[PDB]
Each structure stands twice: as C-alpha cells, then as structure tokens.
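A.B. asks: Residue numbers (full-length UniProt numbering), protein chains in the order written: chain A, 33 to 83, 91 to 254, 291 to 324, 335 to 350, 354 to 370, 465 to 485, 489 to 527, 530 to 586; chain B, 33 to 83, 91 to 254, 291 to 324, 335 to 350, 354 to 370, 465 to 485, 489 to 527, 530 to 586.
There are 2 protein chains.
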Amino acid sequence: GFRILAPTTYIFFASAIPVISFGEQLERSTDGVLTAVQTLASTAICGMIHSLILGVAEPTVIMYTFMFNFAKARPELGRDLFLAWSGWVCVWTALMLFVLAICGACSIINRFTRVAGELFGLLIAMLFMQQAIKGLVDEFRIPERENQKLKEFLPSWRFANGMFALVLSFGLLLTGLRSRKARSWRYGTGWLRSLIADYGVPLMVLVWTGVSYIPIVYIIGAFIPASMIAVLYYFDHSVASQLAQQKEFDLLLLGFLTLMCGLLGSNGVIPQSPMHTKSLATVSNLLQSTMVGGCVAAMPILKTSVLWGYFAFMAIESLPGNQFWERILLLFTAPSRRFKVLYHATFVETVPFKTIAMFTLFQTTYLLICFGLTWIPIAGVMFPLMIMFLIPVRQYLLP
Amino acid sequence: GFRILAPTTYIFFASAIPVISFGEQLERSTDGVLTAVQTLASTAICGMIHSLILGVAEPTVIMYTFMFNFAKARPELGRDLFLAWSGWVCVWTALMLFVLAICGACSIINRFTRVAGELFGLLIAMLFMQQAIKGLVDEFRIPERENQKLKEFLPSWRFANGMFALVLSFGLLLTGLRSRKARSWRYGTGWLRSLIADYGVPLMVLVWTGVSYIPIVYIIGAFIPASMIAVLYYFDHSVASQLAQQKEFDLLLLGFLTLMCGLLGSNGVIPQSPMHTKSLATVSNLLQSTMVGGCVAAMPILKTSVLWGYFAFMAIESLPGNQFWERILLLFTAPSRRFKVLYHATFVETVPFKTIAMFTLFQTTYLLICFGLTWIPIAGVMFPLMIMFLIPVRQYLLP
C-alpha cells in the first residue's frame with residue numbers, strides 16, 4: 033500500500049499540471065469550445081481503463104487546434120459542429136492505427152530514438168515557450184474574446200498586467216526549478232528534502248497562488300490528419316514504450342480508444361513514462471487517473490498567469506535533457522572557453540575536431556524550417572512528414 | 033592615458049550608483065530636505081581635493104537620518120534649520136577627529152579587521168536590504184509625502200505598483216549579478232566578456248530603465300554624535316587604509342573636510361577602496471570625481490524602482506565576501522550534508540569539531556542585538572559603542 037501510494041501521489045501531480053495547462057490552452061485557443069476539464073477526461077478515462092504514458096501531449100492540442108483552424112475558416116463548418124467533427128476524424132485516425140498497428144510498430148525502434156527525437160523534443164519546448172509568451176500577452180487585452188466592455192480591462196493592462204503575467208509567471212519559473220534542484224541543495228534537511236523537491240512544482244502552484252491571491292467532401296478530406304497523426308503517434312506513443320522499457324531495467338490499442346475519446350470530446357507522453365518505471369527496482467495507473475477523476479472536480483474547485494510560468498517552465502525543463510540543445514549552445518559557443526569545458532560525454536575523443544560536430548547546423552536547419560513552417564497552415568499541417576521525408580533518409584547520407 | 037582611463041571609467045560608475053542611491057535615500061528619508069545631488073557633492077568635492092575610499096557610505100546616511108530624527112521631533116528645531124545644524128555638529132565632529140587623529144589612528148590596525156568588521160559589513164547589508172524592501176513598499180502609497188490627491192495614486196497601487204517595484208527591482212537584481220558573474224561565463228567571447236561584466240551594473244541601469252520606459292543647549296548636546304561618529308569613522312575610513320594597503324601589494338585629514346562639507350550640505357567606503365588598488369601591479467581620483475561632477479548634472483539629466494533593485498542587490502553583494510555570513514549559513518546548515526562540502532578554508536583541520544565553530548552564536552547574538560536596537564532611537568544612537576563595549580573586550584574572553 034504505502035509503496036505504490038508514493039509514486040501515484042508524485043506522478044498524479046506531475047501529470048495534471050500540463051494536462052490542465054493544455055486544457056485551458058484549449059479554453060483559450062479554441063475560443064472556449066474545448067475546456068480545461070475535457071482535456072482531463074482524455075487522460076483520466078483511458079488511464080482508468082488500461083487492461091504512465093497515457094495523457095494529453097501538446098501535439099494532441101496543436102492538431103486539435105489546427106483542426107479548429109480547418110473547420111472555423113472553411114465556409115459552413117464553423118463551430119458547434121466541431122465537437123463531432125473530431126469524431127469522424129477519429130474514425131480515419133482509429134483505422135490508420137488499426138491498419139498499421141503492431142505490424143508497423145515492429146519497425147519503429149531503430150531510427151527515431153537514436154538521432155531524430157532530439158528535434159521533436161526541442162520543437163515542443165520551442166513552441167511551448169512561445170505559447171507561454173502568448174500567455175504572458177493574454178493577461179492584458181485578450182479580455183475581448185473573454186467579454187466586452189468590462190470593469191476589469193481598462194487600467195488592468197499597462198498597469199495590473201505587470202503583476203498578473205510578469206511577476207507570477209517568472210517567479211513561478213525560478214522558485215519552481217527548486218523541484219528539479221532541491222535534492223543536492225547543501226544547507227537542507229535530508230528527511231524532508233525530497234518532500235520539497237519532488238512536489239516542488241505543485242507546491243509552487245500553492246505558493247504562487249497564495250502570493251497571487253495576497254491582493291461530406293471534407294469528411295473524405297479528413298484522412299490527411301488521421302494518416303499524419305498516425306506517423307506522429309507511432310513516434311510518441313511508442314517512444315513511451317522505448318523509454319519505459321529502457322536498457323536500464335496492445336501497441337495498437339490506441340486506435341480503439343481514439344474512436345472513443347474522439348466521439349465524446354491521448355498519447356504516450358514523452359516526459360511522464362520514464363518517471364513511472366524507476367519505482368520498481370530500488465497496477466498503479468488506476469489510482470493516479472482515479473485522482474485525475476478527482477482533478478476533474480479539483481480543476482473546478484481549484485479555479489492563472491502562474492500557468493504560463495509553467496508553459497515556459499515545462500518548456501525550459503527539457504533543455505538539459507536534450508543533447509541537441511547542449512549541441513546548439515556548444516555550437517554557438519566560443520572557441521577558447523570551449524577548451525575549459527572539461530562533463531561533456533557527447534563530443535568524445537574520436538571526433539576531437541569541432542568541425543566533426545559541425546553538422547548540428549543541419550539538424551538546426553531542419554528544425555528552424557519546421558518551426559518557420561508550423562506557424563502557417565498547410566505547412567502547419569505537414570510538420571511530421573518534414574521529419575519523415577528528411578531524417579530517415581539522411582542517416583545513410585550523413586558521412 | 034588609456035591606462036588610468038580604464039580604472040576611472042569603471043570606478044566612477046561603481047561609485048556613483050550607491051551614492052545617488054543614498055542620495056534619493058535622503059530625498060525620501062529626509063522628506064526632501066536632503067537631495068540626491070547634495071550627496072554627490074560630499075563625494076565629488078572631497079575627491080577632487082585629495083592632496091578611492093572617499094565617498095558617502097550608509098553610516099553617513101543613517102546618522103544624517105538619525106540627526107533628522109533628533110531635530111524634527113524636538114520642539115523647536117524642526118526643519119530648515121537642520122541644514123546648518125549639521126554644521127555645528129561637524130564642529131564637534133571635526134574636533135573629535137583632530138583630538139584623536141594620527142595618535143589614535145596608530146592603534147586601529149590590530150583589533151577590527153581580524154574579528155570585528157565581519158559584524159559591521161553584515162549589519163550594513165542587513166539594514167540595506169531592509170531599506171530596499173521599504174523602497175519596494177514606496178512604489179505604492181508613499182505618494183502622500185510626495186503630494187496630495189494626485190492622478191497617479193489610485194489604481195497605480197494594488198495594480199501598477201506590481202510592475203513598478205516588483206518587476207524592475209528583482210529583475211535588476213538577477214540580471215545585474217551578471218556583473219559579478221560574467222567573467223567565467225562559458226559560452227561567451229573573451230574580448231568583450233569583461234565589457235559586459237565590469238560595467239554590468241550600470242549597463243543594467245540602462246537595460247532595466249529601457250525595460251521600465253517601455254510603457291543652544293542642544294548644540295552642547297551635539298558632542299555625542301560627534302564622539303560616536305569618531306569611533307565609527309576610525310573603523311571605516313582607516314579600514315580603507317587597511318584594505319587599500321593590503322598584504323597583497335592625513336589619516337586625520339577627514340576632520341578638516343568634515344567642517345567643510347558639514348557647513349555646506354564623507355568617509356572611506358568599505359567596498360570601493362580595494363577595487364582601486366589592483367590596477368597598478370598587473465593621480466586618478468580627480469578624474470573619477472570630476473566625472474562625478476558630471477554625475478551632478480547627470481543625476482539631473484539622468485532623471489527608479491530599479492534603484493531598490495540596487496539597494497537589495499548591493500546589499501546581497503557583500504554576502505559571499507563575508508565569512509561570518511558563510512558561518513551563519515554553515516551554522517544553520519544540516520549535519521549530514523555538511524560532510525559533502527569538500530572549498531571551506533575558514534573551518535580548517537585544527538577545529539574539526541563543529542562545536543569549535545559554535546561561538547558564531549555570540550557574534551550573531553551581538554548583531555541581532557544591535558539590529559533590534561538600531562530600529563529604535565537612543566539605541567539607534569548607540570550602535571558603534573555596542574561594538575566597542577563588547578567586542579574589543581571579548582578577544583581575551585574567547586577561549
């Protein structure tokens with residue numbers, strides 16, 4: 033009992049915050065049509081089923104968002120219909136997962152984790168910090184979409200938005216890095232050290248929210300996002316398999342549920361799976471996701490610019506756990522101080540010339556291409572294919 | 033030419049910021065009677081004379104302030120008179136320096152620097168961070184002393200004061216520590232590294248102010300502060316002598342000038361002297471203090490909650506350069522992680540038992556005594572004597 037209780041307590045909190053974050057990310061991105069709790073169901077239901092991985096990632100929210108752009112501008116699909124349009128999209132999505140399924144899943148292991156994923160994890164954090172800055176911008180004049188001619192808006196912008204967005208956001212960022220850091224903090228007590236460390240992010244929810252409160292032809296055309304989402308989730312959801320079953324220690338299934346949660350209103357999350365596994369070498467998803475059922479009423483009771494402190498924080502968190510970022514820094518670094526960096532297991536002796544680390548320029552080029560393309564439609568459609576066209580091919584081209 | 037130009041450029045900037053800070057510290061503490069520039073003269077005049092040390096320290100401003108409390112509450116001395124009351128105080132002050140002078144100066148070297156000063160430097164930074172927090176508080180409702188019933192005040196408090204005090208203050212603190220830090224910043228260019236490091240504090244003036252703008292029986296009784304100020308300035312001004320003429324490489338004079346700058350409207357500054365000396369082993467005060475004459479018109483042209494980011498920053502800066510603080514931390518530290526701290532030259536092998544480092548409790552007790560006493564009059568008078576009564580005596584008592 034007490035043994036599984038600890039991982040469930042920890043992982044529940046570390047899973048809910050980005051899920052409710054992506055939730056209100058839909059409360060705002062989708063004009064209120066998709067709420068903060070409707071995101072909680074797409075994790076809690078499936079988590080309670082399983083007969091970590093499971094959650095709602097930002098590709099889910101970004102292609103939900105793009106679907107919103109696909110339906111809202113096109114003449115007569117507008118809104119209100121969208122709720123089920125996700126359903127008929129999840130028909131083709133489910134069937135793509137069914138067609139490829141375990142047969143296609145057998146091949147995934149070799150290419151993606153070794154070279155390619157480092158671009159994925161960085162595009163997520165890139166666009167995630169961007170959609171943290173837009174959230175900083177939201178604490179001034181966006182109230183128009185929220186309401187019209189309201190008492191709040193006037194001098195809560197150039198003035199009160201300072202506190203609002205700025206203070207609580209970055210303050211949460213800094214004081215919340217105490218979570219990742221507090222284990223080896225020198226002047227502290229070991230018995231409670233990891234009490235403040237492990238739960239440091241939601242503890243900083245409470246701290247910073249105490250500081251805050253101190254004051291159809293188209294249905295045929297729906298095969299494209301399904302087919303693409305297939306190749307995307309084969310990367311993410313099976314990276315949960317490649318990362319939960321690591322060297323340190335029903336792959337189809339998803340489709341069955343895509344039709345479900347598509348008809349009502354999920355994937356293998358990249359950061360969350362690894363934290364779940366290390367508990368048993370020093465069952466359990468139902469307890470967490472039951473308390474995510476408690477988080478459906480707790481996002482209610484819970485009842489905000491700190492959130493963007495998360496968006497940016499949780500964006501920054503995958504910087505050190507990303508060797509292509511260590512390469513982007515140690516690429517735009519200097520020549521002479523580079524010698525003082527003696530620690531750096533990724534360079535190694537065999538390629539002692541920094542010109543042998545020169546390619547990173549092309550990983551970067553492909554990423555900046557994909558990011559310059561994500562901010563626009565058509566190409567905001569085709570960003571996983573940019574990965575597939577270019578990166579599986581380059582492996583032979585490399586030397 | 034170019035050789036002295038560099039130290040004058042650096043030291044001018046590093047000297048003005050606290051001097052103008054203490055200046056408006058008087059614009060506010062002394063109800064506007066003592067301005068930001070009247071503090072600049074008490075450095076520039078004397079600096080131009082000398083035939091670093093010289094400046095205005097916070098003991099000067101704190102006993103100027105206490106003199107203000109001595110005159111404002113007492114029935115008929117009130118205000119406007121105060122300007123010259125400092126003069127007749129500087130009569131007794133000058134004469135105390137004259138009476139003790141070089142004869143008394145001969146004895147100062149042995150006691151203070153070795154054990155006692157560590158309490159001084161910490162009481163300054165303590166009360167300095169406090170008077171940074173009061174400056175954070177000033178960006179809301181203090182406008183009453185500034186004016187009555189003004190357009191600014193209403194919703195520039197719970198709202199616009201957030202930005203005002205909070206943002207610019209702590210933001211300056213963090214980004215301004217780039218000054219002390221940027222020398223060994225790894226991913227940077229060596230040719231300009233110290234350009235951004237050395238001038239990082241005033242460069243952060245410009246950065247954060249670009250971020251800001253983005254939007291008589293009593294005359295007989297005057298011998299007490301003179302006599303006390305004597306023993307105080309014998310510590311500070313001669314610590315400038317003990318620190319400029321260190322082992323790495335007109336002691337009376339002050340009195341003559343005390344009568345001067347007392348009649349019109354200074355000391356050896358603790359942090360500033362050492363930075364001046366290391367230039368010549370790899465004359466000059468007139469150039470700096472001439473450009474402080476330029477800072478008299480530049481505090482004008484210059485023409489603010491960032492300042493308190495300094496008060497607190499410049500308060501924090503003397504934490505690492507203070508072994509009694511390293512002791513206060515490594516005193517309230519933990520037992521088991523203390524062993525991992527292996530770096531710590533102050534503990535040493537001879538006293539390997541942490542109970543031999545136990546006394547710090549009495550240094551601390553005397554400091555918390557003196558700070559609990561500084562916030563009140565009578566005892567806010569007698570804080571250097573608390574040093575003299577207790578600390579010169581304890582040296583024999585110690586073991």
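Where is the CB? At the ideal position from N, CA and C, for every residue including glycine.
(1) Is the separation between the beta-carbon of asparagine 467 of chain B and that of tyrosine 308 of chain B shorter than 7 Å?
(2) If we cut at 7 Å on Cβ distances, does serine 521 of chain B have a partner in chain A?
(3) What are the boundary residues of the alpha helix (DSSP H) that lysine 190 of chain A is part of?
(4) Establish whether the CB of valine 206 of chain B and some CB of chain A are separated by less than 7 Å.
(5) According to DSSP, simplified to helix, strand and coil, what is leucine 554 of chain A?
(6) With C-beta atoms as the reference, is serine 490 of chain B less than 7 Å away from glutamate 183 of chain B?
(7) Tell whether a beta-carbon distance below 7 Å holds between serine 208 of chain A and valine 240 of chain A.
(8) Tell me the residue span of the alpha helix (DSSP H) that contains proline 98 of chain A.
(9) Short of 7 Å in beta carbon distance, which residues of its chain neighbour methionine 102 of chain A, apart from the five on each side in sequence? Order them along the chain.
(10) Once you ignore the five residues that flank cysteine 346 of chain B on each side, which residues in its own chain have a CB closer than 6 Å to its CB?
(11) With a threshold of 8 Å, are at least 3 pairs of Cβ atoms found where one atom belongs to the stretch 153-168 of chain A and the other to the stretch 546-561 of chain A?
(12) Once the 5 residues before and after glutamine 508 of chain B are set aside, which same chain residues still bring their CB inside 8 Å of it?
(13) Taking the alpha carbon of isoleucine 578 of chain A as the point to measure from, which residue in A:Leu554, A:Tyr495, A:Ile565, A:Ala480 has its own alpha carbon closest?
(14) Taking the CB atoms as reference points, tell me whether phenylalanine 198 of chain B and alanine 199 of chain A lie closer together than 7 Å.
(15) Using 8 Å as the threshold, is the stretch 38-46 of chain A in touch with the stretch 220-240 of chain A, meaning 3 or more CB pairs across them?
(16) When the cut-off is 7 Å and only beta carbons count, does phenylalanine 496 of chain A lie next to chain B?
(17) Could you have a look at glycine 356 of chain A and say whether DSSP puts it in helix, strand or coil?
(18) Figure out for me which residue from B:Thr547, B:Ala566, B:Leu234, B:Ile565 has the closest Cα to the Cα of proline 586 of chain B.
(19) Which value, in whole angstroms, describes the spacing of the CA atoms of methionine 106 of chain A and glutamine 169 of chain B?
(20) Does the ligand ADP have a heavy atom nearer than 6 Å to the CB of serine 53 of chain B?
(21) Closest by CA to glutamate 56 of chain B, which one among B:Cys78, B:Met481, B:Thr542?
(22) Taking Cβ-Cβ distances shorter than 7 Å, what residues in chain A pair up with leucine 514 of chain B?
(23) Quick one, which residues of the stretch 171-201 of chain B are near chain A if we go by CB-CB under 7 Å, in chain order?
(24) Going along the stretch 544-560 of chain B in order, which residues come within less than 7 Å of chain A, judged by CB to CB distance?
(25) Who pairs with residue 411 of chain B in a beta bridge, going by DSSP?
(26) Going by beta-carbon coordinates alone, are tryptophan 124 of chain A and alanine 110 of chain A separated by less than 7 Å?
(27) Any beta carbon from chain B within less than 7 Å of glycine 143 of chain A's own beta carbon?
(28) Taking C-alpha atoms, which residue in B:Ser53, B:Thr518, B:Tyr495, B:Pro520 lies nearest to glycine 210 of chain B?
(29) Report the neighbours of residue 379 of chain A on chain B: residues whose CB is nearer than 8 Å to its CB, in chain order.
(30) Quick check on DSSP: helix, strand or coil for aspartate 119 of chain B?
(31) Under 8 Å Cβ-Cβ, which residues of chain B neighbour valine 526 of chain A?
(32) Is it buried or exposed, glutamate 185 of chain A, if we count other Cβ atoms within 10 angstroms and call 16 or more buried?
(33) Report the option in A:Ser503, A:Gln550, A:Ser471 whose CA atom is closest to the CA atom of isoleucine 77 of chain A.
(34) As a quick exercise: from B:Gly215, B:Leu344, B:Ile81, B:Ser146, pick the residue whose alpha carbon is nearest that of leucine 245 of chain B.
(35) Indicate the three-state DSSP secondary structure (helix, strand or coil) for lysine 485 of chain B in the structure shown.
(36) Below 8 Å on C-beta distance, what does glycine 229 of chain B contact in chain A?
C.D. replies: Reading from the atomic positions:
(1) The residue you call residue 467 of chain B lines up with position 285 of the second sequence. The residue you call residue 308 of chain B lines up with position 233 of the second sequence. No, the Cβ-Cβ distance between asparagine 467 of chain B and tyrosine 308 of chain B is not below 7 Å.
(2) Taking the first residue of the second sequence as 1, we reach residue 521 of chain B at position 336. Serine 521 of chain B counts as touching chain A.
(3) Walking along the first sequence from the start, residue 190 of chain A turns up at place 151. Run containing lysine 190 of chain A: none; DSSP gives neither H nor E here.
(4) Mapped onto the second sequence, residue 206 of chain B falls at position 167. So yes, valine 206 of chain B belongs to the interface.
(5) Taking the first sequence and counting its residues from 1, the one referred to as residue 554 of chain A is at position 367. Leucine 554 of chain A falls in the helix class under three-state DSSP.
(6) Sequence index remark: in the second sequence, residue 490 of chain B carries index 305 (1-based). Sequence index remark: in the second sequence, residue 183 of chain B carries index 144 (1-based). Result no, Cβ atoms of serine 490 of chain B and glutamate 183 of chain B do not sit closer than 7 Å.
(7) As a working note, residue 208 of chain A is residue 169 in the first sequence. As a working note, residue 240 of chain A is residue 201 in the first sequence. For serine 208 of chain A and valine 240 of chain A, no; Cβs fall outside 7 Å.
(8) Start at 1 with the first residue of the first sequence, and residue 98 of chain A comes out as number 59. Per DSSP, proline 98 of chain A belongs to the alpha helix (DSSP H) from 97-111.
(9) The residue given as residue 102 of chain A occupies position 63 in the first sequence. So the list reads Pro300, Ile304, once near-sequence residues are dropped.
(10) In the second sequence, the residue the question calls residue 346 of chain B occupies position 261. The residues are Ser74.
(11) yes
(12) Working through the second sequence from its first residue, we reach residue 508 of chain B at position 323. Closer than 8 Å at the Cβ level, and outside the excluded window around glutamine 508 of chain B, lie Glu157, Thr533.
(13) Along the first sequence, one-based indexing puts residue 578 of chain A at 391. Ranking A:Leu554, A:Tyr495, A:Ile565, A:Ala480 by Cα distance to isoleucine 578 of chain A puts A:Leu554 first.
(14) Position 159 of the second sequence, counted from the first residue, corresponds to residue 198 of chain B. Position 160 of the first sequence, counted from the first residue, corresponds to residue 199 of chain A. A contact, by the Cβ cut-off of 7 Å.
(15) yes
(16) Position 311 of the first sequence, counted from the start, is the residue given in the question as residue 496 of chain A. No, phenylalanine 496 of chain A lies away from the interface with chain B (no Cβ there is under 7 Å from its Cβ).
(17) Here residue 356 of chain A refers to the residue found at position 268 of the first sequence. Of the three classes helix, strand and coil, the one that applies to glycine 356 of chain A here is strand, per DSSP.
(18) Taking the second sequence and counting its residues from 1, the one referred to as residue 586 of chain B is at position 399. Checked all of B:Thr547, B:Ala566, B:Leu234, B:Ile565; the closest Cα to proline 586 of chain B is B:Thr547.
(19) For this step, residue 106 of chain A is matched to residue 67 along the first sequence. For this step, residue 169 of chain B is matched to residue 130 along the second sequence. Whole-angstrom Cα-Cα distance: 54 Å.
(20) As for the ligand ADP, it is missing from this structure, which has no ligand bound.
(21) Locating residue 56 of chain B in the second sequence gives position 24, counting from the first residue. Comparing Cα-Cα distances from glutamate 56 of chain B to each of B:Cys78, B:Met481, B:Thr542, the minimum goes to B:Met481.
(22) Within the second sequence, residue 514 of chain B is the residue found at index 329, counting from 1. In chain order: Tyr226.
(23) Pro194, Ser195, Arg197, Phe198, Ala199, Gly201
(24) none
(25) No coordinates exist for residue 411 of chain B in the structure shown, because the numbering of chain B passes directly from 370 to 465.
(26) Residue mapping note: residue 124 of chain A aligns to position 85 of the first sequence, counting from 1. Residue mapping note: residue 110 of chain A aligns to position 71 of the first sequence, counting from 1. Yes, they are a contact pair.
(27) Walking along the first sequence from the start, residue 143 of chain A turns up at place 104. No, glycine 143 of chain A lies away from the interface with chain B (no Cβ there is under 7 Å from its Cβ).
(28) For the purposes of this step, residue 210 of chain B is identified with residue 171 of the second sequence, where counting begins at 1. Comparing Cα-Cα distances from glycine 210 of chain B to each of B:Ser53, B:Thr518, B:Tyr495, B:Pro520, the minimum goes to B:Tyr495.
(29) For residue 379 of chain A, no position is available: the coordinates of chain A end at 370 and pick up again at 465.
(30) The residue labelled residue 119 of chain B in the question sits at position 80 within the second sequence. If DSSP states are grouped into helix, strand and coil, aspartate 119 of chain B belongs with coil.
(31) Within the first sequence, numbered from 1, the residue matching residue 526 of chain A stands at position 341. Here the neighbours are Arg225.
(32) Your numbering for residue 185 of chain A matches position 146 in the first sequence. Burial call: exposed.
(33) The sequence position of residue 77 of chain A within the first sequence is 45, counting from 1. If we check each option's Cα against that of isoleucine 77 of chain A, A:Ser471 comes out closest.
(34) Along the second sequence, one-based indexing puts residue 245 of chain B at 206. Cα-wise, what sits closest to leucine 245 of chain B is B:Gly215.
(35) Here residue 485 of chain B is taken as the residue at index 303 of the second sequence, counted from 1. It is coil, neither helix nor strand.
(36) As a position in the second sequence, residue 229 of chain B is number 190, starting the count at 1. Result: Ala519, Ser521, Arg522.
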